[PDB]
Trainee: 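The structure under discussion is supplied below as structure tokens; questions concerning it will follow.
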Amino acid sequence: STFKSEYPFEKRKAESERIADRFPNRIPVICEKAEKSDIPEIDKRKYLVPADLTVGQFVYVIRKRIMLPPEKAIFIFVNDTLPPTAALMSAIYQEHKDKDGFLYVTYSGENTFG
Amino acid sequence: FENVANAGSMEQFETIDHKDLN
């Protein structure tokens with residue numbers, strides 16, 4: 001079950017507001033495995049991301065977390081888009097942040113846009 | 001889902017540091 005499904009809106013927004021107060025330079029991100037993929041599962045889904053990171057830098061960390069070998073594919077989706085790894089996480093946040101203040105991303109071993 | 005919300009992160013955040021990129 002998804003982070004969004006487990007916690008009511010007021011709790012999720014309360015959390016992202018607390019992160020805004022305590023860690024103004026960190027992006028609050030929810031990172032979950034996509035449905036129709038056999039990619040490995042992830043042990044943790046809530047991340048505080050330094051605001052300067054690129055998507056590619058973020059992906060490097062996620063790949064390590066799920067112990068993906070370097071030859072295997074991964075794709076990070078946001079809002080039914082596939083952002084380039086050159087993009088800034090700060091820019092992705094500004095465009096795609098949820099009403100609750102988190103940025104929601106999903107990862108997959110398959111590129112649904114192919 | 002029942003009571004006033006609280007900002008407590010009982011499910012803790014994972015903090016990514018820049019050194020995790022080295």
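The figures here come from the full heavy-atom set of this structure, side chains too, leaving out hydrogens, waters and symmetry mates. Naming: A, B, ... by sequence-line order, numbering from 1 per chain.
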Trainee: Of all the heavy-atom pairs spanning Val78(A) and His96(A), show the shortest one and how long it is.
Mentor: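 Closest heavy-atom pair between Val78(A) and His96(A): CG1-CB, 3.4 Å.
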Trainee: Going through the checks in order, is the side-chain contact (heavy atoms from CB on, under 4.5 Å) test met by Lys44(A) and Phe13(B)?
Mentor: CA-CA 8 Å; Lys44(A) 302 200 60 184; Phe13(B) 286 91; over 6 Å; no
Trainee: So how far is it from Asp17(B) CG to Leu48(A) CG, rounded to the nearest 0.5 Å?
Mentor: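 The CG atom of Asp17(B) sits 10.0 Å away from the CG atom of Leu48(A).
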Trainee: Would you name the heavy atoms of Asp20(B) and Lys64(A) that are closest together and state the gap between them?
Mentor: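 Nearest heavy atoms, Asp20(B) then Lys64(A): O-NZ, 2.8 Å.
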Trainee: Heavy-atom distance under 4.5 Å between the side chains of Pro50(A) and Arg26(A), does that happen here?
Mentor: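 A side-chain contact under 4.5 Å exists here.
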Trainee: Output a table of donor-acceptor pairs, distance under 3.5 Å, between side-chain atoms of residues 86-95 of chain A and any protein atom two or more places apart or on a different chain; print 'none' if there are none.
Mentor:
{"residue": "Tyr93(A)", "atom": "OH", "partner": "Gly101(A)", "partner atom": "O", "Å": "2.9"}

Trainee: If the condition is salt bridge (charged side-chain N to carboxylate O under 4.0 Å, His left out), which residues does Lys4(A) pass it with, not counting sequence neighbours?
Mentor: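 By the salt bridge (charged side-chain N to carboxylate O under 4.0 Å, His left out) rule, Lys4(A) matches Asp98(A).
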Trainee: Does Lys97(A) form a side-chain contact (heavy atoms from CB on, under 4.5 Å) with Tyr104(A)? I'd like the steps, not just the answer.
Mentor: CA-CA 7 Å; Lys97(A) 62 190 183 299; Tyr104(A) 287 80; over 6 Å; no
Trainee: Hydrophobic clustering (ILVMFWY, side-chain heavy atoms < 4.5 Å, transitive) - are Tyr60(A) and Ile42(A) grouped together?
Mentor: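 Yes, because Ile42(A) and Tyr60(A) connect within a single hydrophobic cluster, where side-chain heavy atoms sit under 4.5 Å apart.
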Trainee: Look up atom NZ in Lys33(A) and atom OG1 in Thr2(A), then write down how far apart they are to the nearest 0.5 Å.
Mentor: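 So the gap between those two atoms works out to 13.0 Å.
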Trainee: Any donor and acceptor pair, going by atom type alone, linking the side chain of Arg18(A) with main-chain N or O of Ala7(B) inside 3.5 Å?
Mentor: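 Yes: the side chain of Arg18(A) pairs with the backbone of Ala7(B).
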Trainee: Are the ring centres of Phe102(A) and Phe3(A) closer than 6.0 Å?
Mentor: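 Between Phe102(A) and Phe3(A), the centre distance is under 6.0 Å.
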Trainee: Evaluate the ring planes of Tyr47(A) and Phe58(A), with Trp represented by its six-membered ring, and classify them as parallel (under 30°), tilted (30 to 60°) or perpendicular (over 60°).
Mentor: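 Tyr47(A) vs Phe58(A) ring planes: perpendicular.
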Trainee: At what distance, to the nearest 0.5 angstrom, does CG of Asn25(A) lie from CG of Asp52(A)?
Mentor: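 With rounding to 0.5 Å, CG (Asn25(A)) is 9.0 Å from CG (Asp52(A)).
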Trainee: Closest heavy-atom contact between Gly8(B) and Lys11(A)?
Mentor: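 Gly8(B) and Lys11(A) have their closest heavy atoms at O-NZ, 3.0 Å.
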Trainee: Measure the SG-CZ distance between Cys31(A) and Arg45(A) for me, rounded to the nearest 0.5 Å.
Mentor: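 Here the interatomic distance stands at 11.5 Å.
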Trainee: Is there a side-chain contact between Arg63(A) and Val59(A) in this structure, where contact means two heavy atoms from C-beta onward sitting under 4.5 Å apart?
Mentor: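 When only atoms from C-beta onward are counted, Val59(A) and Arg63(A) do touch, with a gap below 4.5 Å.
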Trainee: Is it the case that the side chains of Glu32(A) and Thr106(A) hold a donor-acceptor pair, with the cut-off being a distance below 3.5 Å and no angle test?
Mentor: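 Judged by distance alone, the side chains do not pair up.
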Trainee: Once rounded to the nearest 0.5 Å, what's the spacing between atom CD1 of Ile30(A) and atom OG of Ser16(A)?
Mentor: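 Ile30(A) atom CD1 to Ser16(A) atom OG measures 9.5 Å (nearest 0.5 Å).
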Trainee: Any side-chain heavy atom of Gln57(A) sitting closer than 4.5 Å to one from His18(B)?
Mentor: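 Not touching, per the 4.5 Å side-chain cut-off.
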Trainee: Would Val105(A) end up clustered with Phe77(A) when hydrophobic side chains under 4.5 Å apart are linked, directly or stepwise?
Mentor: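 Each belongs to a different hydrophobic cluster.
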Trainee: Flag the pair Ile76(A) / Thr85(A) as yes when at least one side-chain heavy-atom distance between them is below 4.5 Å, and no otherwise.
Mentor: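 The answer is no, as the side chains (C-beta and beyond) never meet within the 4.5 Å cut-off.
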Trainee: Given the rule that I, L, V, M, F, W and Y join up when any side-chain heavy atoms are under 4.5 Å apart, are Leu82(A) and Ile39(A) in one cluster?
Mentor: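 Per the 4.5 Å side-chain linkage, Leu82(A) and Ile39(A) are not co-clustered.
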Trainee: Which distance, rounded to the nearest 0.5 Å, do you find between the CD of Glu17(A) and the CD1 of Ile19(A)?
Mentor: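 Atom-to-atom, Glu17(A):CD and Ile19(A):CD1 are 11.5 Å apart.
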Trainee: Should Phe75(A) and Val55(A) be counted in the same cluster of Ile, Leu, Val, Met, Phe, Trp and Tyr side chains packed under 4.5 Å apart?
Mentor: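 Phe75(A) does not cluster with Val55(A).
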Trainee: Would you indicate whether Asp43(A), at its atom CG, is surrounded by more than 12 heavy atoms from other residues, nucleotides or ligands within a distance under 6.0 Å?
Mentor: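 Correct, the count exceeds 12.
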Trainee: Name all residues meeting the salt bridge (charged side-chain N to carboxylate O under 4.0 Å, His left out) criterion together with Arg12(A); count only those two or more places apart in sequence or in a different chain, and write none if there are none.
Mentor: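 Applying salt bridge (charged side-chain N to carboxylate O under 4.0 Å, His left out) to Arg12(A) gives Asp100(A).
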Trainee: Evaluate the side-chain proximity of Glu11(B) to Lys46(A): yes if any heavy-atom separation is below 4.5 Å, no if none is.
Mentor: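 Result yes, sub-4.5 Å side-chain heavy-atom pair found.
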Trainee: Check the hydrophobic clustering (I, L, V, M, F, W, Y; side-chain heavy atoms under 4.5 Å; chains of links allowed) and say if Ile16(B) and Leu103(A) are grouped together.
Mentor: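 Same cluster.
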